[PDB]
Amino acid sequence: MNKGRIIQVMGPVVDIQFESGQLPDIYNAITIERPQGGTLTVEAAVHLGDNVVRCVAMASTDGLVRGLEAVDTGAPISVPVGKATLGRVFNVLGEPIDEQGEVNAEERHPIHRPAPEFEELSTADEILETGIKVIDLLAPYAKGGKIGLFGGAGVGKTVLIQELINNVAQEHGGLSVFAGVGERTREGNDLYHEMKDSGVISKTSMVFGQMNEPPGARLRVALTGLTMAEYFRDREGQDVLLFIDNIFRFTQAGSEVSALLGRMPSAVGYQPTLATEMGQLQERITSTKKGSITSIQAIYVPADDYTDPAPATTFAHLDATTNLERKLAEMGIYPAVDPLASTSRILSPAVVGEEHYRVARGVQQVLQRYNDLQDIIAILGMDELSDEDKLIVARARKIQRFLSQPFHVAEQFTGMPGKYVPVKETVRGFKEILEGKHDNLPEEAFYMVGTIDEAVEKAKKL
Amino acid sequence: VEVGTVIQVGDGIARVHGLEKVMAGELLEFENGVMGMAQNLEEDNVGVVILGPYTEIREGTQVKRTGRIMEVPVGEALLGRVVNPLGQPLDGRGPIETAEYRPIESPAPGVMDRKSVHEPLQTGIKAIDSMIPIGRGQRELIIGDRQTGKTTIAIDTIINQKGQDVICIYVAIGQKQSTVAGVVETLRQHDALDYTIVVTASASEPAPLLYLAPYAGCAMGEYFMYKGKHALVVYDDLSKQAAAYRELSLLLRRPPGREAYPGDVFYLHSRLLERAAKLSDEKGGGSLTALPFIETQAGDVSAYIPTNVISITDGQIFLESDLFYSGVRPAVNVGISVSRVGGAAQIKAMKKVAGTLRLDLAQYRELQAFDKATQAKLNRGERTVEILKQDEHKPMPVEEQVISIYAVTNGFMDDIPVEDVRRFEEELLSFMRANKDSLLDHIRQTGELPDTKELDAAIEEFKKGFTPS
Amino acid sequence: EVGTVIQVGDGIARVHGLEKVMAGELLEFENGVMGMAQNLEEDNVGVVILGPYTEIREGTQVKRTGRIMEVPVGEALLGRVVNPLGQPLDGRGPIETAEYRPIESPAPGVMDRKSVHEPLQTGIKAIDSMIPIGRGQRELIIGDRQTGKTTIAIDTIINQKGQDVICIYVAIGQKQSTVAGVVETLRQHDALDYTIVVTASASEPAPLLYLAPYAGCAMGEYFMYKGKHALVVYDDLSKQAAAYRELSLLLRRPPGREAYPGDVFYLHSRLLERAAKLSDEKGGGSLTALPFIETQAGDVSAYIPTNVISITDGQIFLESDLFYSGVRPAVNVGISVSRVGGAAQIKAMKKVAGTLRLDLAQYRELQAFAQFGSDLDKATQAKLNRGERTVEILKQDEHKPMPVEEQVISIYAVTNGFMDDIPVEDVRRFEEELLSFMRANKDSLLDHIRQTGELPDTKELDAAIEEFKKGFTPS
Ligand SMILES: Nc1ncnc2c1ncn2[C@@H]1O[C@H](COP(=O)(O)OP(=O)(O)O)[C@@H](O)[C@H]1O
Ligand SMILES: Nc1ncnc2c1ncn2[C@@H]1O[C@H](COP(=O)(O)OP(=O)(O)O)[C@@H](O)[C@H]1O
Ligand SMILES: Nc1ncnc2c1ncn2[C@@H]1O[C@H](COP(=O)(O)OP(=O)(O)O)[C@@H](O)[C@H]1O
Ligand SMILES: [Mg+2]
Ligand SMILES: [Mg+2]
């Protein structure tokens, strides 16, 4: 295998000269022993000529000296996969950062690879039943799909993530992966302990590409988490979850690497490889014949501009959006999913049934009408409304409470035990409310329950 | 064999020493089977763009001449097959056995080589066929925001060519491979695959393959055009191709301009769509119809790349976002959508029935955002809107379209409620197909409308049996 | 060991030789001026000069030290004014210390930390109530010039008097007479004797502006790793960023957005992550960071602001419109965030602040109806009367930080409706006299909040406020 010498060190870029006819491939990991203990890993980027290879550093370049030995590993950054990764916290290189002993995996897979071949892919959309009423009805997740997660601070983003891990593991037997792209170290520590307390730690492998690491580390960390998610799809046939927070910081890292390499910038200062880099990440997240990887992705929107190249390129791959609203969290409506703003590509008579679509649209039309009358009700009063609207307002308030749900992860907060509600029960429950079967029941009965039978069961106790 | 050696390489762009006798734009093959394109012939070296994965190519890697100008396989061997821009099969159904080849870069038909477009290409979609009719050899831009129904128009158009002897080419550029796999499965279920070629360069594929994808699909369509047959090419989409070509140009350090695109970005699309044409009787009378896609951002038709393709094509079909997400599908914007060919691309019956239909609906939508005379036009407008609504993957024969549009425009649905118009249409055509088949068959054979008095009686005969809500 | 200079210009020297030099190593020129090796290239070493360069020429010799840049740390720096190299600028003799720390130092890992649970009281009612800062947190103070950014940091430092918290004010790119004015303000309020002042003024070389926050961070880390608590202020990182840009562009590293290099985000993230709250196993000490950003015409989506906003745990956005109106401090509560939130507050403040953020949100939302006086229904009438009174409580004078026990009673009084009877113009005078009354007579209610960290008996507190309210004379 190939051995070289450091000729230049310029910030997080390292030029390494190798011998003739024995150079590292592009995206190969190259290890460099530090003079003061430890090992720096760098990634091969450009072949400049004269057997010199420009490399992007995955850690600090301080302390490096010109002339030090650099060893070509012979492959990309290879990371552990399988059940040894579960309940563990990793870095970009697949090394444990939790101080919890050895990671005894059987195989290590490279983080750089092509997307699945055309023949392997699934040929039709299938719903991924989360068990959460609001999501499954109004903005359902697709197997192999990508979901944009929007919401402010303290609205139930981390609790929703933990519940999706729990529900898919409990009912579908699908494990999860969390990729912290530009993770704040304080929040990574909190998330680790929060997932320990809820118990979903055992179903998830965590990978952090922390804020204080170089641009190369934060660029490739999503690929490390992705590779762990791919094992469970390809080998064990699972419908896997892959959380990426934040997907903008993946794009941001690419732009930073592109600037370090000296490429000409594209529109709005982004890297010219904007679509290519996003596509090569996103296309690997898909539904194959054996299994799938469904990805929930937190997305920052620069200057609140959705036409900006970063979100615009990201939205090209999205199949749905889960939009968390603070006003619903203030009312006590958890999960605080906005039932009008959240959308899904697979909400149609083709994918879900004709009944599902009819009921979902009916719920939307009732909730939209109630939302329009808020200004009229507040000033003029209920007597201003017609007999048709009074009934719509009554059903909308029942519907809004039946969209809430007690979570297995949020037993500490709510007090009650958690509920998994199937799609058929969710469709039936909201159908019966729209038809007017439960008009005479009180509004508190619909709040914080699973099925429609539990709402009727709650009514006698009130 | 004549050999060369790579001396520099980065981002899929290589500089090669040797290859002394190599042509400009020649196909090349590296050690590991990956293909390349000799772009620039320099004094001592050759500039090579890699047309595939470049993670096994490096300094010292060897590359050889093929002796062939950049080309793809063509002919009937590609029918029902899924390929990449080089013509390599992705479906896993064995190799493309063919002797016929055509070049990626190829000159468009001259001034005397063409004839005016006069033959219908029926999409099977009422809104398009009536108001923005496409002809054989026309170039019609399909433009609109993300998730406004662009691909569905193309697939339903392709499905509608079953039994019409028209070869179809669906070029997927920068799309998710999930959707291309879904498309080919949809064509299999509707028996549209066996006359369709699928060229795909997905979002994970490197930028030069996205760049080449439309020209490969164009070449495949051109084969049938110049042999006297008719073909349809779909570029889904040219915004991904333009962005892919911008990457290549910025990696080559070529001077960027508006929205960072290179100066030949208009020429990228203009030479592509010029090759789509209607040939003369001397040249065999064949044609290639083009449906290029452009994906706008927030409905901005005045942006650089959208205005480039509007400036090339023979009119456009704009898909409105507000209409699309409020029940109106397909969401055709009647105000700014247009077909340059127009009446020449329609049969006589469709031309006469839907002659002023676009401007009538354009007036209706203006009056909607605002009396007894204008009240009648609003009531007529709502009912005509319900007729032009249509389910996906359900093409309508032209004889059935003209009957449906004839009924609503002459006022046979005014007494019927607005919510019952979609059911009124469906049941009226069942009555017309089963009983009054001679009226429909007259339109099929001649192309002209039937007797006015006889058709009016047939509609009024059905209305007695119909029951409203 | 030894190398000779090839070219010199603009605080940068390129040096032949120095074959075994480390990246970031300290170098010594023959005249005694120091340098730092930033670029290691194939045929030369790009060195940034930490001093004057008029005596550095071609043929000038440079020596290896074999060491990274260190700074003096400990109790000796308290009350002193220093440069980023730790050299005294106040003219009050040397800094006697055995303790030293490196300028570049790794931040605590994921397992070395404990959740931020301890208040760091700024003494500012608007910040402490609705945008609370905890010990170990990184809270950005951001806004245009003359919005009150520096004042907030100085008032925070003054409020640490007698709280056993070592403060560190890092000045980057400022006028030196303005820094002299700041230390005099700290001296007059008895704040200087627990404060370290690091200053790299505008006339200093660019590397000292670049290194100033890291030097101040190292001085704060000494107390953090020893089990004590510390506060660091970077005023400001905009001028630090521009100084690092200068050096990168002079070393010909490729430019990007606003001509900054690809590692300018990495620069600030590496700085700010070193501020933390350590675990019980690691001693339980902390370093709280208050980085500054000077925006231009309110452009929070500019590159350097965008970087530091995303890195930090929250933002205190200041605005000119509020400042000119008389809302001082000029804190925009709607867009300002603290992701730590309630965890950084005592139980008393957490309970009263829930109604305060609710009332203030509804006031500025329904401010369109304000001009339409007495046409409104009584629901929106009382909320406007309540809202404008809470704004007057959130106003606060310069250099007058309030103890947390006095804040909670003032917030408790206004939110429960004990100032609805009193006019709008008399609310600030009503506050000052109420707390004077509470300090003198009803100290047992105050002392309960000091000791327990909770509210006293509410009906007893209601009785205490009502006795004062009768003695008060409106106007
Ligand atoms: N499903 C839920 N049921 C009840 N309370 C919830 C739920 N989700 C969130 N909360 C409340 O909101 C708080 C913040 O949740 P978290 O997921 O940490 O938000 P974020 O991640 O957006 O900061 C929790 O401490 C809890 O009190
Ligand atoms: N006429 C129609 N009726 C019902 N659904 C439609 C119709 N046209 C398109 N759709 C659906 O709307 C979505 C968007 O259509 P698509 O062609 O994918 O738009 P684009 O290609 O512009 O993203 C798809 O899920 C498709 O199934
Ligand atoms: N709460 C306040 N009340 C009255 N004056 C203030 C207050 N806060 C700041 N000021 C004054 O307003 C000016 C604001 O400038 P400064 O505090 O330096 O903010 P910046 O650092 O953003 O310029 C100072 O001259 C200061 O004296
Ligand atoms: Mg499409
Ligand atoms: Mg200031």
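Numbered from 1 within each chain, the chains take letters A, B, ... in sequence-line order. As the structure lists them, so they are numbered: ligands from 1, and atoms in each ligand from 1.
- If you look at C/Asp144 next to ligand 3, the close heavy atoms, those under 4.0 Å, all belong to the backbone.
- In terms of modelled atom types and a separation under 3.5 Å, the side chain of C/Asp397 and the main chain of C/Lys400 share no donor-acceptor contact.
- The protein atom (non-hydrogen) at minimum distance from atom 5 (N) of ligand 3 is C/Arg328 NH1, 3.6 Å.
- The backbone N or O of A/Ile147 sits nowhere less than 3.5 Å from a side-chain atom of A/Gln297 that would complete a donor-acceptor pair.
- Salt bridge status for B/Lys150 with B/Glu295: present, with a side-chain N to carboxylate O gap under 4.0 Å.
- Residue, atom and distance of the protein heavy atom nearest to atom 1 (N) of ligand 3 are C/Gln396 O, 2.8 Å.
- Between the side chain of C/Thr147 and the backbone N or O of C/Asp144 there is at least one donor-acceptor pair closer than 3.5 Å.
- At least one N or O atom of C/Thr151 sits closer than 3.5 Å to an N or O atom of ligand 3.
- The nearest non-hydrogen atom to atom 16 (P) of ligand 3, considering only C/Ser320, C/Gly148, C/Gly143, comes from C/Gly148.
- Given atom 27 (O) of ligand 3, the protein heavy atom at minimum distance is C/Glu398 OE2, 2.7 Å.
- Any N or O atom pair closer than 3.5 Å counts here, and C/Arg145 shares no such pair with ligand 3.
- In terms of modelled atom types and a separation under 3.5 Å, the side chain of B/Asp156 and the main chain of B/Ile125 share no donor-acceptor contact.
- At the shortest separation from atom 22 (O) of ligand 3 among protein heavy atoms lies C/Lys149 NZ, 2.8 Å.
- Contacts of C/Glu294 with ligand 3, taken as heavy-atom pairs under 4.0 Å, are absent altogether.
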Practice item. Check step by step if ring pair (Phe, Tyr, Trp, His ring centres under 6.0 Å) holds for C/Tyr244 and C/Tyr210. Key: CA-CA 5 Å; C/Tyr244 187 70; C/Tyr210 151 55; 4.9 Å; yes
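- Of the protein's non-hydrogen atoms, the one nearest atom 15 (O) of ligand 3 is C/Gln146 OE1, 3.7 Å.
- For atom 18 (O) of ligand 3, the nearest non-hydrogen atom of the protein is C/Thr150 CB, 4.0 Å.
- When atom types are taken as modelled, the side chain of B/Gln390 and the backbone of B/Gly124 share a donor-acceptor pair closer than 3.5 angstrom.
- The Mg ion (ligand 5) has an N, O or S atom of C/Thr150 closer than 2.8 Å.
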Point to revise | Full working for side-chain hydrogen bond (donor to acceptor under 3.5 Å, both in side chains) between C/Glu319 and C/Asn332 | key: CA-CA 7 Å; C/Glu319 269 158 22; C/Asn332 188 354; 2.9 Å; yes
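- Considering only non-hydrogen protein atoms, atom 12 (O) of ligand 3 sits nearest to C/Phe323 CZ, 3.3 Å.
- Formation of a donor-acceptor pair under 3.5 Å by the B/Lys176 side chain with backbone atoms of B/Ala203 is not found in this model.
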